[PDB]
Amino acid sequence: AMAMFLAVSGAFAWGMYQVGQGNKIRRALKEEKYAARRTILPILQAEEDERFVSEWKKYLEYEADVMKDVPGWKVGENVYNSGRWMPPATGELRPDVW
Amino acid sequence: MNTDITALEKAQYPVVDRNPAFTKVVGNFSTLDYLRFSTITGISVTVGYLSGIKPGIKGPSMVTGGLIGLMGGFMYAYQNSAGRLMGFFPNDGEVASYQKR
Amino acid sequence: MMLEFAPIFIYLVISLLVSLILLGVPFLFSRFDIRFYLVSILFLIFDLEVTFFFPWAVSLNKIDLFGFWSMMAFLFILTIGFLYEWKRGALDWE
Amino acid sequence: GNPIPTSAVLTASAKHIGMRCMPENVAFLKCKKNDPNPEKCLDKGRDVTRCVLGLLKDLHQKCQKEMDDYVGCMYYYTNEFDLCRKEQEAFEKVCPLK
Amino acid sequence: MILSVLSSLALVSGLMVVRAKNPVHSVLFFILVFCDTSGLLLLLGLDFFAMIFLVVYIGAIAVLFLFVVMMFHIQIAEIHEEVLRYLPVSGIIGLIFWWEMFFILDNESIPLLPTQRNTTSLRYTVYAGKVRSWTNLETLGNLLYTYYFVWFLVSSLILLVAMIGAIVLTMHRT
Amino acid sequence: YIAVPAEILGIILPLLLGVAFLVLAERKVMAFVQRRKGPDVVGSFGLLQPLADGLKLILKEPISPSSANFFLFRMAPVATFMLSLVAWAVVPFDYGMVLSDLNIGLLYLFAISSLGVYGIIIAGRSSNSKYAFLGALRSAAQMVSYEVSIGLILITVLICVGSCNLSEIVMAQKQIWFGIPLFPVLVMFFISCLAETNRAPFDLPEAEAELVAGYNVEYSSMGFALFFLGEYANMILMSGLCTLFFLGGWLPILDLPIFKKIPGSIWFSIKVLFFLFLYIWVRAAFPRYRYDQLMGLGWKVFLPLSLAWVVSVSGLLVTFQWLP
Amino acid sequence: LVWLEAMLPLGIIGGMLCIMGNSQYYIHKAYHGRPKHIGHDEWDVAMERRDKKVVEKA
Amino acid sequence: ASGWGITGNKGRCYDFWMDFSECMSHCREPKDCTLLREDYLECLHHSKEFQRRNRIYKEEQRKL
Amino acid sequence: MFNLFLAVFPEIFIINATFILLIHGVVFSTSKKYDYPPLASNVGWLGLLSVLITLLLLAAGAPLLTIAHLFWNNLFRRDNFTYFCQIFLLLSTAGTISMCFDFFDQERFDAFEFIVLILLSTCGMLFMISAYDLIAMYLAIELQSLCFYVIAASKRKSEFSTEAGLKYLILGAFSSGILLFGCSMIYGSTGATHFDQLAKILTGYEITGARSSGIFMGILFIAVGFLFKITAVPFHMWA
Amino acid sequence: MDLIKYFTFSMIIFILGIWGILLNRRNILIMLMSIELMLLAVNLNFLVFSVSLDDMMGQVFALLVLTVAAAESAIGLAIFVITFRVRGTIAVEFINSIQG
Amino acid sequence: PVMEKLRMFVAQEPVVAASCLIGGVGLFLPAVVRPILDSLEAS
Amino acid sequence: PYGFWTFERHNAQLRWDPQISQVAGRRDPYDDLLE
Ligand SMILES: C[C@@H]1CC[C@@]2(OC1)O[C@H]1C[C@H]3[C@@H]4CC=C5C[C@@H](OCCC(CO[C@H]6O[C@H](CO)[C@@H](O[C@H]7O[C@H](CO)[C@@H](O)[C@H](O)[C@H]7O)[C@H](O)[C@H]6O)CO[C@H]6O[C@H](CO)[C@@H](O[C@H]7O[C@H](CO)[C@@H](O)[C@H](O)[C@H]7O)[C@H](O)[C@H]6O)CC[C@]5(C)[C@H]4CC[C@]3(C)[C@H]1[C@@H]2C
Ligand SMILES: C[C@@H]1CC[C@@]2(OC1)O[C@H]1C[C@H]3[C@@H]4CC=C5C[C@@H](OCCC(CO[C@H]6O[C@H](CO)[C@@H](O[C@H]7O[C@H](CO)[C@@H](O)[C@H](O)[C@H]7O)[C@H](O)[C@H]6O)CO[C@H]6O[C@H](CO)[C@@H](O[C@H]7O[C@H](CO)[C@@H](O)[C@H](O)[C@H]7O)[C@H](O)[C@H]6O)CC[C@]5(C)[C@H]4CC[C@]3(C)[C@H]1[C@@H]2C
Ligand SMILES: CCCCCCCCCCCCCCCCCC(=O)O[C@@H](COC(=O)CCCCCCCCCCCCCCC)COP(=O)(O)OC[C@H](O)CO
Ligand SMILES: CCCCCCCCCCCCCCCCCCCC(=O)O[C@H](COC(=O)CCCCCCCCCCCCCC)COP(=O)(O)OCCN
């Protein structure tokens, strides 16, 4: 009667405490991975920035050639009035998930 | 959760406590607050009794009406006391008690 | 990422083909019962309850006490509805 | 000579990188915070890249074998730290974080 | 192309919803429409909504419709009618809606014409947002229960109304 | 992607073999409880019995009664069989041994379970037989009823784990198997699995002797075989889900080097085998409920208890800040 | 010991499950050069795409 | 306008929105905030960007 | 934290009282001991009491309804206009309920759920008045509409009442879909659903040649839903 | 072209619902089904816009609209059931007694 | 005399009583114990 | 009125949103790298 009730209740209490301990350990594991990603972020971003700048220069030369002899053009004109930099829009709704 | 008690229309009376704690508001209940509370509860119990006679459940109907009246009257008294402490309602008693303690 | 869904589609195509092969090789040699509607309604309600539970369950670490009590209020409303159904005999099939 | 700075190499060296290239990393991140335009951040990126590649070459010179084993296991398990503890300990015993 | 395939399947299945003589068949085609919709949702990266459309629309709502329609045993004579005489009225109403409403986004959202040049190299990658990516599920759950909890609770009230109404209108206790 | 079909076949074909031998194992265990021998003539120890039965079924002429739902009648078993098959795409057998590492895998399994009802409903309606229709309606109602409790138990596990990824659910049990603190939840889950798979003591379609015709009574040859195969594959899947959620999947019993010697797939298989044995044992031990009694149990017992366990687990984990 | 007859079909089922795991694991390993990694996120995909360049262009 | 992004960060067009709102919060004539408003709407739909790129594609098709 | 909810004291009270009446009615309507008494009039009197207490709470707490307006801003907006509108709505509900008791006892309409549905629809209309976002507006409108659908069909054995309900549900659902479509078009065109944001985006331009056809048709569809609701011709024949 | 293609998909679903209303004068069950089709199309519109605009408001409202669709179908099918029970038929000529 | 009415309810509805106890513990812990644990942490 | 949207009642978001600007789900991704 009381034996299985006590067994179930004690197992619940101690096991939920153990679930908490395991969750803490899993969290620390994730923070380790996430810190690792944080320290190598700047070099990856710098590489990507150099790549994009070179590609953008090539595209600007391409546009200068193609739009040669089109009056009123301005090569690489920023369409935003504020002039703040935005990445080129791609015309694909959700490219990052595929 | 970020919170902000700031109201659109400012208080027109001195602000004794901008965001009074629940127990402070309850302890701030005056005699008039208790009169409002008791009146609302009594009317609700009376309505429960009278409307319960025809179905034959006047007792349980009294209990149900009394629960509704207790909750409504407590909410009304809390409204008044908190509004007084916050300066939204005339709060001469709160200001007098504040300038002394 | 949605990359992991592609094997599921190819798996579906293959399972369909296996089904057609197995099924096709042997070709070579007025009494409306309202209680079903009622059980459908109850399943719909608790289906939406599980639906709303999923994001809450994965978000408990961030929403903390406020999210817990808001979901508790949601459950309180739905459980009052459940008590109403229980009292009215919607859960009895005799 | 210079190890190819693949994801495995960088992830395996991430702790050393964070301890060694911290000022360059922080400076790059501040400049990125102020301006997302890649062109206006190339200098801090070069500082970051030089720090990281110098540390990579240094660590390769000091503990070549342990670094090779740790990088190989990290690539094999796609940078999962938990499946690589033994060689991580061997790598850190010969190339301390300091 | 893939969106052409899914849209064609949805178009045919929807026509079958609205034109099948047998209502049980209509419910089954409706289920095909929800499957195609779920496919589109997977293309958008919204896997939670893709799964929930299966769980709720097909798993609960369509089941309710199927139970009700199957026990009705509708005879075709009660709901039959020739639709050839509707072709003009559908033609004008459809065309006006077609001309206005399939092209409403065109002036505001002008499509990018795909050129004979690799624009993929101009995709800029920001790794900062990729350190800790959020699922659709946890992004939604960050908001439902705290910042927009009142709407959540009002939806609960709507479901309570559904339960009460279902009982009061149909219950005949044995 | 060119090798993906090979992986898919390496899942599907051994699964079909496993179902064929699960039928034989059920017969053998049932016989041994009943002090008799099961099939032991067709092959040594009866090990060729499943192949003979399958061959007999494919060599049986199909009937296809003169109904007005000719397409639906044959497609219903295809639907239930395909649904039974496709749930295995997300099941992990060991660390990294899984076809689709879905982040939303738990909800995907719930969706598949919710889809399972349509094969039974359509088989009942399309067969042009009032008995089959009534039986199909009752079976469908029972499955949807117990799906609610299954979903709520899923939510309890999800609260403990914080991710819908099945592999993450397994690895969250490294500290302790969830079946220890949530043992009543595991018992509830197993019973709900019995009811959801139309298994004893909940097997209404098997109650022909009780004047309750099953939904597949008009089926012959391979449509009937497809229904049977889907049911037994779903039994294997429910055993696998019990193993994943509460017995730590591929994890060893104790985190010791002696136990870590034997591969995780073997741990997972052994736990699945225990649960399949319990399926058979329960069928051997008890009589069956009436439809009304089991519906009352579904709505009056398992739903309230599942909801209470959701509330208790979430409240406890929030209170002491033990959330994932 | 007659009851061991019933353990053979169960053992076959267990072996079948072990096959459904290990066969798909080894085919993926042979094709991709390394075993499947559980939890492939946006970061890992970006790492692999950038690593293709950093390797092939070296 | 809300600021909640679909991947758990600040929405793409939220800074433009906030600049426009802050402008309109003190400029008694909305014509003084026209530029910021069209910047916000350009961030939502990329209409002028895509139009200009289509002009480039058009000229390429004309000179070929 | 608790004081933030002073802005919704009236609504909290009426919802809680409605729950109390639902439980009371279902517990005693099913009572063999009390011989299944009709409770429509008892619950009606208690609900009239609840409406009057809600009115007291709302009218006497006029400044408090605007407390924590920034915290509540993305959910609703309470001001003087909503104050008076809600007071009038509660007064109308109280009068309508008071007119129902002879109907309850002489017809013997014993269903107390009628009163509960009226109270829940009153909750919905209260939230309608304070709605300040398309989402909140739609949700409150739908709650109100579903309550009406159910009560229109309350004489469930009557040909007339069942016909009314069927016509109402079909035409109501159609109009609601049209309105929701309009809301979706407006969101897609502006990135906003909050009324303040919509005001800022749309002001100063109206139709300045380069008009958002998305914005123009979203407005049109929303207007069609509204006109259905106010029974304006040609969206009137349901009424 | 992605956004115009996603929008025209939902648009064909909405137009199909409208056509189902127009073509089903003797079949009010299909009329209810057509209304659900329109609601599904609107829900899809919110989800597509959420992605296109990088904003979560479309997603919250989509979930709530699913709740409304469920309640709507439940109550509507209850009303259908009681109408059928009163008349013994679902034919439109037996639900035309209120007029003028 | 409501002390055996609860006894009778528990005897006749063990499942409902157990559900109420389990859920009530789950509600009691955050409502009462959690603020206590938060208060002991402040000091 | 002239410039009604200037009136403080209408600038609720301009005063609320800064209070939640550090909330997970609406932060600039670089804020986590530097904090
Ligand atoms: C449980 C029950 C059972 C039933 C069930 O559930 C319920 O079971 C469930 C199971 C479900 C299926 C699950 C899975 C899928 C697959 C999906 O299909 C993926 C399609 C997407 C992914 O496709 C590619 O994605 C990447 C490329 O994007 C590829 O990456 C490369 O490229 C990277 C970049 O260089 C490199 O870095 C990488 O290294 C390199 O590998 C990647 O390999 C490849 O996968 C989207 O792709 C497209 O989208 C493009 C954009 O629109 C289109 O672009 C076009 O338009 C542009 C202008 O707009 C122009 O500029 C372009 O020139 C012009 O081409 C184009 O059409 C096309 O690309 C279609 C849906 C479906 C069938 C589901 C249906 C519904 C179910 C049956 C459910 C069902 C209900
Ligand atoms: C009735 C009939 C009877 C007959 C029959 O049918 C039925 O009966 C059936 C019965 C079947 C057998 C059943 C079972 C196995 C085991 C399997 O072999 C182990 C699987 C392989 C991988 O899986 C492991 O690994 C996972 C990851 O660690 C473990 O996960 C851990 O970690 C998780 C996360 O923390 C935790 O969550 C987990 O808990 C934790 O365990 C997982 O558990 C564990 O299984 C073994 O891997 C090794 O092989 C590698 C090769 O590359 C070597 O790598 C090394 O070399 C690299 C290159 O230099 C370096 O880069 C590397 O650093 C360096 O290590 C190295 O030797 C070693 O790794 C081989 C197949 C066989 C015999 C089956 C044969 C066919 C049958 C006889 C059928 C037969 C037909
Ligand atoms: C089947 C289970 C039924 C359970 C029924 C009982 C519980 C129902 C919910 C009752 C409301 C809460 C009662 C619990 C009292 C404890 C509340 C508490 O502990 O205060 C916390 C705050 O709790 C709350 O404020 C949440 C209240 C829940 C909302 C309940 C709705 C009340 C009325 C809403 C009005 C809107 C209109 C309703 C629409 C229908 C403190 O949190 P914090 O400020 O320190 O930080 C916030 C959080 O940790 C971080 O995100
Ligand atoms: C390592 C081994 C792992 C094994 C895993 C699986 C275990 C085996 C499971 C299968 C066992 C046999 C299955 C066949 C029996 C099916 C019939 C069940 C009938 C049933 O549910 O009855 C209900 C009670 O059981 C129930 O309610 C069942 C749920 C019990 C949950 C317990 C809830 C409270 C537990 C206490 C927790 C307290 C601690 C936490 C604070 C009450 O219905 P009735 O009509 O039959 O009434 C009559 C009572 N004589």
# chains A, B, ... in the order shown; residues from 1 in each chain; ligands from 1
>>> residues_near_ligand(ligand="ligand 2", cutoff="9 Å", atoms="only C-alpha atoms and all ligand atoms", output="PyMOL selection string")
(chain D and resi 69+72-77+80+82-84) or (chain F and resi 94-97+167+170-171+174+249-252+260-266) or (chain G and resi 8-9+11-19+21-23+25-26+29+34-35)
>>> residues_near_ligand(ligand="ligand 1", cutoff="7 Å", atoms="only C-alpha atoms and all ligand atoms", output="list in words")
residues 91, 92, 95 and 98 of chain A; 3, 5, 6, 8 and 9 of chain C; 1, 2, 35, 36, 38, 39, 40, 42, 43, 54, 114 and 120 of chain E; 83, 86, 108, 111 and 112 of chain F; 49 of chain G; 1 and 2 of chain J
>>> residues_around(residues="residue 32 of chain L", least_positions_apart="5", cutoff="10 Å", atoms="only C-alpha atoms", output="ChimeraX atom specification")
/A:38 /E:128-129,131 /L:22,24,27
>>> write_last_selection(atoms="N, CA, C and O atoms", output="CSV table (one decimal), in the first residue's frame")
chain,number,residue,atom,x,y,z
A,38,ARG,N,32.0,31.8,-30.8
A,38,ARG,CA,32.2,33.3,-30.6
A,38,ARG,C,33.6,33.7,-30.8
A,38,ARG,O,33.8,34.8,-31.3
E,128,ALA,N,27.1,36.4,-37.2
E,128,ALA,CA,26.7,36.8,-35.9
E,128,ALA,C,25.4,36.2,-35.5
E,128,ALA,O,25.2,35.7,-34.4
E,129,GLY,N,24.4,36.3,-36.4
E,129,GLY,CA,23.1,35.7,-36.2
E,129,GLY,C,23.0,34.2,-36.2
E,129,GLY,O,22.0,33.6,-35.9
E,131,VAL,N,25.3,32.1,-34.5
E,131,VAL,CA,25.9,31.4,-33.4
E,131,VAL,C,24.9,30.6,-32.6
E,131,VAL,O,25.2,29.5,-32.2
L,22,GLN,N,16.7,45.2,-25.0
L,22,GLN,CA,17.7,44.2,-24.6
L,22,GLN,C,17.1,42.8,-24.5
L,22,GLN,O,17.7,41.9,-24.0
L,24,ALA,N,15.8,39.2,-25.4
L,24,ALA,CA,16.1,38.2,-26.4
L,24,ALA,C,14.9,38.0,-27.4
L,24,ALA,O,13.8,37.8,-27.0
L,27,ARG,N,17.1,41.7,-30.3
L,27,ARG,CA,18.4,42.3,-30.2
L,27,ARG,C,19.2,42.3,-31.5
L,27,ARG,O,19.0,41.4,-32.3
>>> closest_atom_pairs(of="chain K", to="ligand 4", cutoff="12 Å", atoms="only C-alpha atoms and all ligand atoms", output="Markdown table")
| residue | atom | partner | partner_atom_place_in_ligand_line | distance |
| --- | --- | --- | --- | --- |
| K:11 | CA | ligand 4 | 49 (C) | 10.7 |
| K:12 | CA | ligand 4 | 47 (O) | 9.5 |
| K:13 | CA | ligand 4 | 47 (O) | 8.9 |
| K:14 | CA | ligand 4 | 42 (C) | 7.9 |
| K:15 | CA | ligand 4 | 27 (O) | 6.5 |
| K:16 | CA | ligand 4 | 42 (C) | 10.0 |
| K:17 | CA | ligand 4 | 34 (C) | 9.7 |
| K:18 | CA | ligand 4 | 34 (C) | 6.1 |
| K:19 | CA | ligand 4 | 34 (C) | 7.6 |
| K:20 | CA | ligand 4 | 34 (C) | 10.6 |
| K:21 | CA | ligand 4 | 41 (C) | 8.0 |
| K:22 | CA | ligand 4 | 41 (C) | 5.9 |
| K:23 | CA | ligand 4 | 41 (C) | 9.3 |
| K:24 | CA | ligand 4 | 41 (C) | 10.3 |
| K:25 | CA | ligand 4 | 41 (C) | 7.9 |
| K:26 | CA | ligand 4 | 41 (C) | 9.4 |
>>> closest_atom_pairs(of="chain I", to="ligand 3", cutoff="10 Å", atoms="only C-alpha atoms and all ligand atoms", output="Markdown table")
| residue | atom | partner | partner_atom_place_in_ligand_line | distance |
| --- | --- | --- | --- | --- |
| I:1 | CA | ligand 3 | 44 (O) | 5.8 |
| I:2 | CA | ligand 3 | 25 (O) | 6.8 |
| I:3 | CA | ligand 3 | 25 (O) | 9.9 |
| I:4 | CA | ligand 3 | 25 (O) | 8.7 |
| I:5 | CA | ligand 3 | 35 (C) | 6.8 |
| I:6 | CA | ligand 3 | 35 (C) | 9.4 |
| I:7 | CA | ligand 3 | 35 (C) | 8.6 |
| I:8 | CA | ligand 3 | 35 (C) | 5.7 |
| I:9 | CA | ligand 3 | 35 (C) | 7.9 |
| I:10 | CA | ligand 3 | 35 (C) | 9.6 |
| I:11 | CA | ligand 3 | 37 (C) | 6.5 |
| I:12 | CA | ligand 3 | 33 (C) | 5.6 |
| I:13 | CA | ligand 3 | 33 (C) | 9.2 |
| I:15 | CA | ligand 3 | 40 (C) | 7.3 |
| I:16 | CA | ligand 3 | 33 (C) | 9.5 |
| I:72 | CA | ligand 3 | 36 (C) | 9.6 |
| I:75 | CA | ligand 3 | 36 (C) | 8.9 |
| I:76 | CA | ligand 3 | 36 (C) | 9.9 |
| I:120 | CA | ligand 3 | 40 (C) | 9.8 |
| I:123 | CA | ligand 3 | 40 (C) | 8.4 |
| I:124 | CA | ligand 3 | 40 (C) | 9.0 |
| I:127 | CA | ligand 3 | 37 (C) | 8.4 |
| I:140 | CA | ligand 3 | 39 (C) | 10.0 |
>>> closest_atom_pairs(of="chain L", to="chain E", cutoff="10 Å", atoms="only C-alpha atoms", output="CSV")
residue,atom,partner,partner_atom,distance
L:24,CA,E:142,CA,8.5
L:25,CA,E:139,CA,7.1
L:28,CA,E:129,CA,8.6
L:29,CA,E:129,CA,5.3
L:30,CA,E:128,CA,6.3
L:31,CA,E:128,CA,9.4
L:32,CA,E:128,CA,8.6
L:33,CA,E:128,CA,7.6
>>> write_last_selection(atoms="N, CA and C atoms", output="JSON list (two decimals), in the first residue's frame")
[["chain", "number", "residue", "atom", "x", "y", "z"],
["L", 24, "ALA", "N", 15.78, 39.20, -25.44],
["L", 24, "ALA", "CA", 16.11, 38.17, -26.42],
["L", 24, "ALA", "C", 14.95, 37.97, -27.39],
["L", 25, "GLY", "N", 15.25, 38.00, -28.68],
["L", 25, "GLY", "CA", 14.26, 37.96, -29.73],
["L", 25, "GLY", "C", 14.19, 39.22, -30.56],
["L", 28, "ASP", "N", 20.01, 43.32, -31.71],
["L", 28, "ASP", "CA", 21.00, 43.26, -32.77],
["L", 28, "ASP", "C", 21.95, 42.09, -32.48],
["L", 29, "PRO", "N", 22.26, 41.25, -33.46],
["L", 29, "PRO", "CA", 23.11, 40.08, -33.18],
["L", 29, "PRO", "C", 24.47, 40.43, -32.60],
["L", 30, "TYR", "N", 25.01, 41.61, -32.89],
["L", 30, "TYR", "CA", 26.33, 41.98, -32.37],
["L", 30, "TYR", "C", 26.30, 42.33, -30.88],
["L", 31, "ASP", "N", 25.12, 42.60, -30.31],
["L", 31, "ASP", "CA", 25.04, 42.90, -28.88],
["L", 31, "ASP", "C", 25.46, 41.71, -28.03],
["L", 32, "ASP", "N", 25.15, 40.49, -28.48],
["L", 32, "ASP", "CA", 25.54, 39.31, -27.71],
["L", 32, "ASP", "C", 27.05, 39.09, -27.77],
["L", 33, "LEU", "N", 27.68, 39.39, -28.91],
["L", 33, "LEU", "CA", 29.12, 39.21, -29.04],
["L", 33, "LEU", "C", 29.91, 40.14, -28.15]]
>>> residues_around(residues="segment 74-84 of chain J", least_positions_apart="4", cutoff="6 Å", atoms="only C-alpha atoms", output="ChimeraX atom specification")
/I:162,166 /J:88-90
>>> write_last_selection(atoms="N, CA and C atoms", output="compact mmCIF listing (two decimals), in the first residue's frame")
# COMPACT_ATOMS: atom_id res chain seq x y z
N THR I 162 -33.34 27.32 -36.11
CA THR I 162 -32.26 26.61 -36.80
C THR I 162 -31.93 27.27 -38.14
N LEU I 166 -28.13 28.83 -39.09
CA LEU I 166 -27.47 28.39 -40.34
C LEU I 166 -27.13 29.57 -41.28
N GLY J 88 -34.79 16.43 -41.39
CA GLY J 88 -34.53 15.16 -42.02
C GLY J 88 -33.86 15.25 -43.37
N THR J 89 -33.57 16.45 -43.85
CA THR J 89 -32.90 16.65 -45.13
C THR J 89 -32.05 17.90 -45.05
N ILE J 90 -31.07 17.98 -45.95
CA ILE J 90 -30.19 19.14 -46.03
C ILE J 90 -30.49 19.99 -47.26
>>> residues_around(residues="residue 14 of chain J", least_positions_apart="2", cutoff="9 Å", atoms="only C-alpha atoms", output="ChimeraX atom specification")
/J:9-12,16-19,34-35,37-42
